[PDB]
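Novice: This one is an experimental structure. Sequence first:
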Amino acid sequence: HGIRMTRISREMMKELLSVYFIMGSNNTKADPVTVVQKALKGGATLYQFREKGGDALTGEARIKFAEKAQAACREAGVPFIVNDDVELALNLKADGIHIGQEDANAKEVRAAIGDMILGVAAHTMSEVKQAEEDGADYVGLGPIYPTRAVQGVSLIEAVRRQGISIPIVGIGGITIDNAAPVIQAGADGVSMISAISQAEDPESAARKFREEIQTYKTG
Ligand SMILES: Nc1nc(C(F)(F)F)ncc1COP(=O)(O)OP(=O)(O)O
Ligand SMILES: [Mg+2]
């Protein structure tokens, strides 16, 4: 994964969303970077640097943590995605950026990031359709499981029913036990934080997701 000179293809984007690990320093009791390295070693196909909130790093501390996470993604050969922060995404030459409905407008972000990967969080058919024309390469629908209202795989099913094929990754309380339906509903992958970041064995946790997700995408 080098500097993209063209928009990422749906086939390649969908392969990456399979097991999508999201994590910040405050989502685990162990060593942040060490957990990420294990998640990759395990089988995670994409990672998103998400550092914000209460016990979250700031200033230089944050940036360096990001560089280490990105470095670990490099070794594993997995794309490094940044959350919210467009300025940082561009500075670290990250593979992508993810935004929600309250973050910078997708149109602007797309113009500022060139052909970088762009993920947009959607919650309604409208937001999905908008994300697509705004130039998003994929959308994160949810929260599927238990603020924003839980929606199961209803939206995911509505999107596929309208024939829309945009890459989709599910998000929200996803565990190894409830991930299958998300896929069966038509999602191209599942996103998780605690299911892996808080596992006593993150590496094996990521490995289980990898096996399950591949099994269900085939069937
Ligand atoms: N971070 C996210 N990542 C995904 C992804 F698709 F990547 F799985 N989907 C949805 C969200 C939620 O985005 P948002 O509401 O902006 O809040 P926050 O930045 O606090 O997560
Ligand atoms: Mg956000």
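Specialist: Looks like it came in fine. Numbering: from 1, shown residues only. Ligands and ions are numbered 1, 2, ... in the order given.

Novice: going forward, measure contacts and count neighbours with C-alpha atoms only.
Specialist: Will do.

Novice: Which residues of the protein lie near ligand 1?
Specialist: Within the chain, the positions adjacent to ligand 1 are 83, 84, 99, 100, 121, 139, 140, 169, 171, 191 by CA under 6 Å from any ligand atom.

Novice: so which of those also contact ligand 2?
Specialist: Filtering these for proximity to ligand 2 by CA under 5 Å from the ion leaves 84, 99, 100.

Novice: Let me have these in JSON lines, extended by neighbour count and secondary structure.
Specialist: Output for those, formatted as JSON lines (neighbours: other CA atoms under 10 Å; DSSP: H, G, I helix; E, B strand; the rest coil):
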{"residue": "84", "neighbour count": "18", "secondary structure": "coil"}
{"residue": "99", "neighbour count": "23", "secondary structure": "strand"}
{"residue": "100", "neighbour count": "19", "secondary structure": "coil"}
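
Novice: Just name the closest of these to ligand 1, please.
Specialist: Looking at these and their distance to ligand 1, the nearest is residue 100, at 3.1 Å (CA to the nearest ligand atom).

Novice: contacting residues for that closest one?
Specialist: Shown in contact with residue 100 (CA atoms under 8 Å, 6 or more residues apart in numbering): 84, 120, 121, 122.

Novice: Please apply the same query to residue 138.
Specialist: 13, 118, 119, 120, 132, 166, 167, 168, 169.

Novice: Most neighbours among the contacts of residue 100, which one?
Specialist: residue 120 (27 neighbours; other CA atoms under 10 Å).

Novice: ok but that one is inside a helix, no?
Specialist: No: counting by DSSP: H, G, I helix; E, B strand; the rest coil, residue 120 falls outside a helix, being strand.

Novice: That one pairs with what?
Specialist: On the basis of DSSP bridges, residue 120 is bridged to residue 99, residue 139.

Novice: Got phi/psi on the residue in the chain positioned nearest to ligand 2?
Specialist: Residue nearest to ligand 2 within the chain: residue 100 (4.4 Å; CA to the ion). Per-residue torsions, residue 100: phi -110, psi -170 (degrees, to the nearest 10).

Novice: From residue 93, how far off is it?
Specialist: 21 Å (CA to CA, to the nearest Å).

Novice: Over to residue 103?
Specialist: From residue 103 to residue 93 the distance is 20 Å (CA to CA).

Novice: With residue 43 instead?
Specialist: 23 Å.
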